[PDB]
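Coordinates in review
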Amino acid sequence: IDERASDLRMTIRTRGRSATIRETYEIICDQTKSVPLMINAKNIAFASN
Amino acid sequence: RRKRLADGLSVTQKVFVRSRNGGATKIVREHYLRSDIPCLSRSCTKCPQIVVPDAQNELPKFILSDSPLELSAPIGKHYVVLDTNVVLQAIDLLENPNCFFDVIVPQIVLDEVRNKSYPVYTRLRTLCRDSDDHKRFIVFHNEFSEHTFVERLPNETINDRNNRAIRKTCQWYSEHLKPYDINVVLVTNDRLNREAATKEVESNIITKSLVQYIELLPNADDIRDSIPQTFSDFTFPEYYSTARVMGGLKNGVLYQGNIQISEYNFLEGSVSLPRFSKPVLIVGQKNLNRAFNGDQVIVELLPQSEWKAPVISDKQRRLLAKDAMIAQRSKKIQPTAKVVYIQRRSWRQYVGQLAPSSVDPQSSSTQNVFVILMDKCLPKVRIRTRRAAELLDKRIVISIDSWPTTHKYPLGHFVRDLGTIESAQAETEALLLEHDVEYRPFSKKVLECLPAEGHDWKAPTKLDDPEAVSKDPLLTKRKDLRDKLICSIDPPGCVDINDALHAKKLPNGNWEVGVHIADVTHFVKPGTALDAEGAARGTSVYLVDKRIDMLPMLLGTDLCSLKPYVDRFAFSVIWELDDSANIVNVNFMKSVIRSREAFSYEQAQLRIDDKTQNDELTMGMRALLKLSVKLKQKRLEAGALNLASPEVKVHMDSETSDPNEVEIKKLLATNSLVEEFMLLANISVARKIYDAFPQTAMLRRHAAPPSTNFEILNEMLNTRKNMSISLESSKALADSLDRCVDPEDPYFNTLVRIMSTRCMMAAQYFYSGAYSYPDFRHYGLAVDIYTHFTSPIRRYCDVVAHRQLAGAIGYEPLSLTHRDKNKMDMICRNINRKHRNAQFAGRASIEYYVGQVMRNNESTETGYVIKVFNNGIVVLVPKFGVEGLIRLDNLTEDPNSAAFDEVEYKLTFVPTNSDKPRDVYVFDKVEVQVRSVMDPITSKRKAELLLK
Amino acid sequence: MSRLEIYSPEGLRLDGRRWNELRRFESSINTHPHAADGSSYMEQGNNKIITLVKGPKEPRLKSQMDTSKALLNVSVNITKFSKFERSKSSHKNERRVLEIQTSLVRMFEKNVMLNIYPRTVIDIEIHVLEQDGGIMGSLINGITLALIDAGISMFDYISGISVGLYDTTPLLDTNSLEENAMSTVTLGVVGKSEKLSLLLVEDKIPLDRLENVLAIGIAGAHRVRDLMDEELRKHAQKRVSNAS
Amino acid sequence: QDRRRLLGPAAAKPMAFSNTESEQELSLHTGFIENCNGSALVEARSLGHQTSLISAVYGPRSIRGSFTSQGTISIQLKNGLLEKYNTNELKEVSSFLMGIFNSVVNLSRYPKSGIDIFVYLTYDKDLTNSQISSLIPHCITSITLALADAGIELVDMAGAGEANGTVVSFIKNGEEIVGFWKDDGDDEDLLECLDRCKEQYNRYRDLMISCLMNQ
């Protein structure tokens, strides 16, 4: 995510009241780094009819 | 362009662009002109030839007289046509009863007001329909008028065609009013609009300004102070533009809410923001930026350079705004804000008093005066006025005109001429309006809503008469309960009677209970403006002087009041219950009843415990208080409290004018007779209508005052009194309050009751669709369900509860606005706010009536210390109930030897009149000299209280 | 809370109309000779509709065929520029619209002498251009043109009008601003009669007005098929006077 | 949403990322789909851009509609895995496809018979740090090889050559043009736009006929 994303909390007015939209932290995937996938490898089946 | 219809009727296109949310939304409408536009006056004989009925089949009323105020020729007889600006400047000048009786409102002028201000637009909507014999306002729909309609000229702004059409509007008028020589006077304030008629451009027209009109009245001296309107040390900043704040709102830049400016610190205030937890202070006179306390404003955070420890881009401020919430979690250095725009002024008409420094005695001319307001938090207003030598020892009404840049104190104008300072009648008056109490008599459109007889009506004895069936189609459910024996415990000083009860005894083993509450609902209807005044006034108020009432005087006090032997419509509810107060059955219906006598507070007790007046009406009475105790028991055993606060009643001496006697209210045995069945009607009928309407039913909820409202007493209860409260259940609290009584002072029972009053939760009316079922709780009265029912006149809340009951018995379809939770929340706050506006004056009813007592009748008595502080102690006379801080130096001499303790809450010292080491604790007994002198900087009659 | 003025106490509406008044009402006949033999154009205020009718003719498939009477297809075209605010998605299977597509069929199952047009197809094409509220009865009045615009066999005129209710007061010929402001009813009225083709109520109505409310629209509806008639007739005179 | 498929829970979103004369080349293969009667495989790789796509034949299928004198062609362009060209962007090409083969196919040999053409824009690299216009001529080649594999009567090995946002399709060894496609480019560069297209066409058709006659 961002360090501190610009996309922050916003308010919406009711007919006298108000609430707050939560801050919108948009997750971003790296252009470069990656990790593999963890598998219960001892359950990887195969198929046959 | 334009096109024609075959009825000679014109059609064209008015088209614009909606600028909402910054969008560019093109909006086109067709437009019609008509040729049946009435001139609406007395003298003309041809506009009454064209008047045609509405859908309610009525030809309306042509009310502007042949006889205006006639003036000096070349005025003669004249009518007045206005500017929006002269209305926008002088809206209250219009409301003078003394003048301006005949004014045409142009439609465009009507619209700019509707463009500008919504509740100001109410007032012109108010005045035009509530025009009378004296004063007559019409609205001429001039741009619906074919013969006054104009277009947009080439190379024109919208402002030009506004002035031109108003000029065009006046142009038709005198043309139609040539035959009767009643002229038409166009009033403006605009100097360029006062330029084009200098040459008399097209019309030989009456273009005068306000003062240029005002200087031609026969009585203009009384009204020219109602004309609206260096003085510099620095320059105040300004408020942001429209696109700046609308550009500020979406980005999270700007914030709005409400502000509280302190009295103990005039130049500092905080707001409660929706994004923010803590109250965010605004420090600095320039940063308050010439707004007043209570207004809706728009604020901006300040940089950390201006933050307080107890850029160009908005890219910086938002990241700094995140740092504010960090600093909000600090509470060590907390942010400051300033205002940058004002969302709304909370201005209105205001009442104060003038400064003797501001007035010259020898002068008779116009001069600046400042008004000391009754509001302590709001500053003085420079008033350029003539008659100040008159009005200095007099009360006044002003209205704020404007704030230009230079003026440290605003420009406003005096409006209404009230009366003499500390005269009882004038001090009655502003006590109403500054507490927001409606007092004005019922207008001409009100009295067209009362039923048509007067005090010569009776209910029809034949409940099945065909004309009475033609009078009442719903008479099918109206039963006849005139064959009951009814008597009501009422005050002596009461003709607004709400109650009507019988009690029979059924031979099954039980009593027969029937209580009757006045069916005004047959007469107040949604769509009747009298019922709107039931909303507008909200309630009736109750003072030692008088009793201003929500309903007209004939209506509530006679023809709905449940007075003896008079044929009246009520709603009847029939109970049966055992000797164990267990209700058998309940029966909700309308009736017409017949009564025996309405009692006094005392006359009823002259029938309860007398054991001589022993007819079966009284045997119905002795049923009630017998089982009212079980209602008293099981309500308080359910977890309720029973306080005692004799809010004392000023027995004004019946041979004199100003009060100097202090008496008390006495609550005898008759009070607990009636009340336990009235709250029973507030619940059992409520337990019916919740079963009828779960989502729209009017209810009232009461919460728990927690330990936080009680621990600060508990420290005084423990460190000094070695006691406390329970706070587990409010039965156990009410039983830990029953044990906090001292034997040498049996009033120390009651002394806590009046004192814990100040921190009890404010119960409030609401619609049950707002919240859930244990949130319907009344904590102080231990019931999970709670409304009010039993007093229609002072509670419009109860009257609505008749209406949603009217469908619960099937009498009537429910009205729609009694089903819209949007309309309900607008009601439930406001009707509480009227009840808030009641007892703030109800205590103040006692105030000035105590405020005359200690004016010149001093005494040495017992006053009780309710606060021990370092500045001094606040003493309180239990015989009087008025407080006073005997500040430390006038509490004691040698204040360096005076030592205030916080834990013991003692201000131990050597006195002023003596030197013995006086350990000033709390809740002991003292000698104290009473007095009162009105503070000349506030004009509140302060209780001059001085120890002895 | 509306910041505007619905209906004046002085008896007036937004353009100044009375409660018993109409918009400008314009029809036209043979607007598209090169397109189909039914071609008629409506302006009722700013409600602007192109109305097109094809038939009586051969089907596209022998499946869609009867040996007794005609068929009737309704194709409604609501443009995305029909309103002020431009609608995002298309409408061509919107369940709101299909209702009306059902509706005009059963409204016009019973004017067409169906038996005397068997094995053939009637297709009615709709083009909603400018939308001004009163939208339902706007259509039907355009239909009644278009069937006569080819001169198809029928019984009668059929009139349509939405009439609204502000609290107590009927409003002949509301607009979309007034439509979102109050409760409205549209009436599909047949000829000179007191019998109904269409009756549709969405809004919530107190019962007791309704007989009176229904009693309103007939005088409007009779003035509708009034103004349709001569307007056709002055066209109808224009033919033979210059044909012959 | 769509009740016919598995599209996950709605509030999810796909993953996001940010910044932290040359040779064209082929590999052409037939006879590898047993559903069809004509298949063709195309690899392409050029300078930043690697592209693979599949052309599929079904014919002659019966027509339930009515009588025709002759045959009828139907062409589908479908996105493969990564690159997503626009929907209306697709069928315009499908329109441009059919016009050329209507100067190719002996439909008169095939009365009341249908032609089904499925083109799978299967995978494309564009690693370059009118994006559909760069893939036009390879389609025609990919179709022609599959249409030879179903063995349908074709007049010519017709092909298109590309010169910088411009597509021109030839016959008769370039001595006539059968299909013209132009985007922005220069003005009056047409004469050079004849040439570079033609020689790629002169390249490609030789690559095609090698793929079949040597098999």
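Residues numbered from 1 in each chain as written, not as in the entry; some residues may be left out. Chains lettered and ligands numbered in written order. Part of a larger assembly, values for the part shown. Heavy atoms only, no water. Residues with missing side-chain atoms left out of burial classes, pairs and counts.

1. Describing the overall build of chain D
Counting secondary structure elements, chain D contains three helices and eight strands. Mapped from its N terminus to its C terminus, chain D presents α and β elements in the order β-β-β-β-α-β-α-β-β-β-α. At 19 Å, chain D has a C-alpha radius of gyration in line with the 17 Å of a compact globule built from 215 residues. Referenced to the eigenvectors of the C-alpha coordinate spread, the extents of chain D come out at roughly 55 × 45 × 35 Å. (Helix = DSSP H or I, 4+ residues; strand = E, 2+ residues; numbered from the N terminus. Rg over C-alpha atoms; globule rule 2.2 N^0.38 Å.)

2. Describing unusual backbone geometry
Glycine aside, a negative phi is what most residues show, and trans is what most peptide bonds show. A cis amide bond links B:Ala73 to the next residue, B:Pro74, at an omega of 10 degrees. As for its placement among the helices and strands, B:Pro74 is situated in the loop between β3 (25–32) and β4 (77–81). Not every positive phi belongs to a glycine, and B:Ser939 is a case in point at roughly 55 degrees. With respect to the helices and strands, the residue B:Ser939 is situated in the loop between β36 (933–934) and β37 (941–942). Under the relative-accessibility criterion, B:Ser939 is labelled buried at 16%. Its identity as a non-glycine residue notwithstanding, D:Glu188 has a phi of 60 degrees, on the positive side. Considering the arrangement of structural elements, one finds D:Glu188 in the loop between β8 (176–182) and α3 (190–213). Classification of D:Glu188 as exposed rests on a relative accessible area of 79%. (Buried < 20%, exposed > 50% of the residue type's maximum accessible area, 1.4 Å probe, protein only.)

3. What to know about a negative patch on the surface
Side chains of D:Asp186, D:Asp187, D:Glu188, D:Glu192, D:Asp195 and D:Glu199 sit close together on the surface and give a patch of like negative charge. For D:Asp186, the position within the fold is in the loop between β8 and α3. (Patch = residues over 30% accessible without salt bridge, like charges linked within 9 Å, V, L, I, M, F, W, Y side chains within 5 Å. Areas by Shrake-Rupley, 256 points an atom, 1.4 Å probe, with all protein chains shown as cover. Salt bridge = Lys/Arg side-chain N within 4 Å of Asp/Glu carboxyl O. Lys, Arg positive; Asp, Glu negative; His and termini not counted. Charge placed at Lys NZ, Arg CZ, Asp CG, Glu CD.)

4. Quick look at α3(D)
For α3(D), with 24 residues, the first-to-last C-alpha span of 34 Å sits near the 34 Å given by 1.5 Å per residue. Where α3(D) is buried, its residues meet β1 (26–30), α2 (136–149), β6 (159–162) and β7 (166–171) of chain D. (Expected span 1.5 Å × (residues − 1). Contact = heavy atoms within 4.5 Å.)

5. What about the interface of chain C and chain B?
At the interface, 23 residues of chain C touch 25 residues of chain B. Taken together, the residues of the side of chain C that touches chain B sort by class into six nonpolar, six polar and eleven charged. (Nonpolar A, V, L, I, M, F, W, Y, C, P; charged D, E, K, R; others polar.)

6. As for the sheet that holds β6(D)
All names here are of chain D. Read across the sheet, three strands follow the order β6-β7-β8 without closing on themselves; strand pairing throughout is antiparallel. Two strands in the sheet have a free side with no partner beyond their single neighbour: β6 and β8. Each strand axis lies, on average, 20 degrees off the axis of its neighbour in the sheet, ignoring direction. Examined bridge by bridge, β7 and β8 share six bridges and lie antiparallel to one another. Paired with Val 168 across the two strands is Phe 180, which belongs to β8. Those strands touched by helix α1 (residues 87–101) are β7 and β8, and its axis lies near 170 degrees from that of β8. Relative to the sheet, α2 contacts β6, β7 and β8, its axis offset from that of β6 by approximately 160 degrees. (Pairing = 2+ DSSP bridges. Axes fitted to C-alpha atoms, helices over the stretch in contact; angles between N-to-C directions.)

7. A closer look at the packing of aromatic side chains
Residue and element names in this part refer to chain B. Going through the model one piece at a time under the given rule, you end up with 24 aromatic pairs over all chains. For the ring pair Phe 140 and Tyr 173, a centre distance of 5.4 Å and an interplane angle of 80 degrees mean the geometry is edge-to-face. Taken together, the residues span a long stretch of sequence, with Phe 140 in strand β6 (residues 136–140) and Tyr 173 in helix α4 (residues 158–177) at a distance of 33 residues. Consider the rings of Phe 236 and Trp 403, whose centres lie 6.5 Å apart with planes at 80 degrees: the pair is edge-to-face. With a relative accessible area of 5%, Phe 236 lands in the buried category. Counting every residue linked through ring pairs, the aromatic cluster contains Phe 234, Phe 236, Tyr 239 and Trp 403. Taking NZ or CZ as reference, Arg 244 lies 4.3 Å from the ring centre of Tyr 240, over its face. For the cation-ring pair, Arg 478 lies above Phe 569, with the distance from its terminal atom to the ring centre recorded as 3.7 Å. (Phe/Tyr/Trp six-rings, centres within 6.5 Å; stacked < 30°, edge-to-face > 60°. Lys NZ or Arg CZ within 6 Å of the ring centre and 35° of its normal.)

8. Re a positive patch on the surface
All names here are of chain B. Taken together, the side chains of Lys 14, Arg 18, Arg 20, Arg 29 and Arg 152 make up a positively charged region of the molecular surface. Considering the arrangement of structural elements, one finds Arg 18 in strand β2 (residues 10–18). Overall, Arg 18 belongs to the partly exposed group, its relative accessible area being 42%.

9. Digging into the arrangement of the chains
Once contacts are tallied for each of the three pairs of chains in contact, the highest total is for chains B and C. Note that chain B does not reach chain D: the shortest distance linking a C-alpha of one to a C-alpha of the other is 21 Å. What separates chain C from chain D at the closest point of their C-alpha atoms is a distance of 10 Å, and the two make no contact.

10. Here's the deal with the interface of chain A and chain B
Interface extent is often summarised as the accessible area lost during association of the parts. Taken together, the contact pairs ten residues of chain A with eight residues of chain B. The tally of links from chain A across to chain B stands at zero salt bridges. Counting across the interface, chain A meets chain B through five residue pairs in polar contact. Taken together, the elements giving at least two residues each to the side of chain A that touches chain B come down to β1 (10–13) and β2 (18–21) of chain A. Residues of the side of chain A that touches chain B, tallied by class, amount to three nonpolar, four polar and three charged. (Polar contact = N/O pair within 3.5 Å; in protein donor to acceptor, adjacent residues only side chain to side chain.)

11. Overview of helix α14 (residues 601–608) of chain B
Residues and elements named next belong to chain B. For α14, the full list of buried residues reads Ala 604, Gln 605, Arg 607 and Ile 608. Mapping the buried residues of α14 onto a view down its axis gives an arc of 155 degrees, with all of them on the same face. Packed against the buried residues of α14 are β20 (487–489), β25 (597–599), α15 (616–637) and α16 (669–681). Where α14 begins, the side chain of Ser 600 points an oxygen toward the backbone nitrogen of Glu 602, at a separation of 3.0 Å. (Arc of directions from axis to C-beta.)

12. Focus: the pattern of salt bridges
Applying the stated rule across the entire model yields 63 salt bridges over all chains. As a salt-bridge pair, B:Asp825 and B:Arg829 come within 3.9 Å of each other at their nearest N and O atoms. On the criterion of helical spacing, the pair formed by B:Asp825 and B:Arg829 is a turn pair, its members being four residues apart in helix α22 (residues 821–851). For B:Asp825, a relative accessible area of 32% translates into the label partly exposed. Here C:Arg24 makes a salt bridge to C:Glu26, at a shortest N to O gap of 3.0 Å. The class for C:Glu26 is partly exposed, based on a relative accessible area of 31%.

13. Comments concerning the nonpolar core
All names here are of chain B. Judged by nonpolar contacts, the single largest core of 44 residues is most densely connected at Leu 713, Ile 725, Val 752, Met 854, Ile 873, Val 875 and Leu 907. When residues of this core are traced back to their parent elements, those giving at least two are α18 (711–720), α20 (747–756), α22, β29 (864–868), β30 (872–876) and α23 (888–891). Of the residues that make up this core, three or more belong to each of domain 4 (420–858) and domain 5 (859–948). Aside from chain neighbours lying at most four places away, what touches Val 875 is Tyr 864, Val 865, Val 882, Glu 883, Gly 884, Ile 886, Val 928 and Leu 945. (Core = buried A, V, L, I, M, F, W, Y, C linked by side-chain atoms within 4.5 Å. Domains from an automatic or database assignment.)

14. With respect to the packing of helix α2 (residues 135–150) of chain C against helix α4 (residues 210–243) of chain C
All names here are of chain C. It is at 11 Å that the axes of α2 and α4 come closest, and there the two elements cross at 35 degrees. Taken as a pair, α2 and α4 cross one another with a handedness that is right-handed. Each of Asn 141, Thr 144, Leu 145 and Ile 148 in α2 lies in contact with α4, whose residues at this interface are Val 224, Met 228 and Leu 232. Looking at the contact of α2 with α4 residue by residue, the class counts come to five nonpolar, two polar and no charged. (Left-handed = near helix turned anticlockwise from the far one by under 90°.)

15. Regarding the side chain of B:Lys721
Residue and element names in this part refer to chain B. Structurally, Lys 721 can be placed in the loop between α18 and α19 (732–736). For the buried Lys 721, no salt bridge exists, and the shortest N-O distance to an oppositely charged side chain is 4.2 Å, to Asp 924. What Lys 721 contacts, discounting residues up to four positions off in sequence, is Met 716, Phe 748, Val 922, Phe 923 and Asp 924.

16. What to know about the sheet that holds strand β34 (residues 918–920) of chain B
All names here are of chain B. Within the open sheet, the three strands sit side by side as β32-β33-β34. Their pairing is antiparallel. Across the chains shown, the open sheet's two edge strands, defined by having one partner strand only, are β32 (899–900) and β34. Bridge analysis of strand β33 (residues 907–909) against β34 gives three bridges, and the strand direction is antiparallel. By the bridge assignment, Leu 907 is partnered in β34 with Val 920.

17. With respect to the side chain of B:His31
As for its placement among the helices and strands, B:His31 is situated in strand β3. With a relative accessible area of 9%, B:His31 lands in the buried category. Among the polar contacts listed, one links the side chain of B:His31 to the backbone oxygen of B:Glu143, at a separation of 2.8 Å. With residues near it in sequence (within four places) discarded, B:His31 still touches B:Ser10, B:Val11, B:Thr12, B:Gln13, B:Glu143, B:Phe144, B:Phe149 and C:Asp15.

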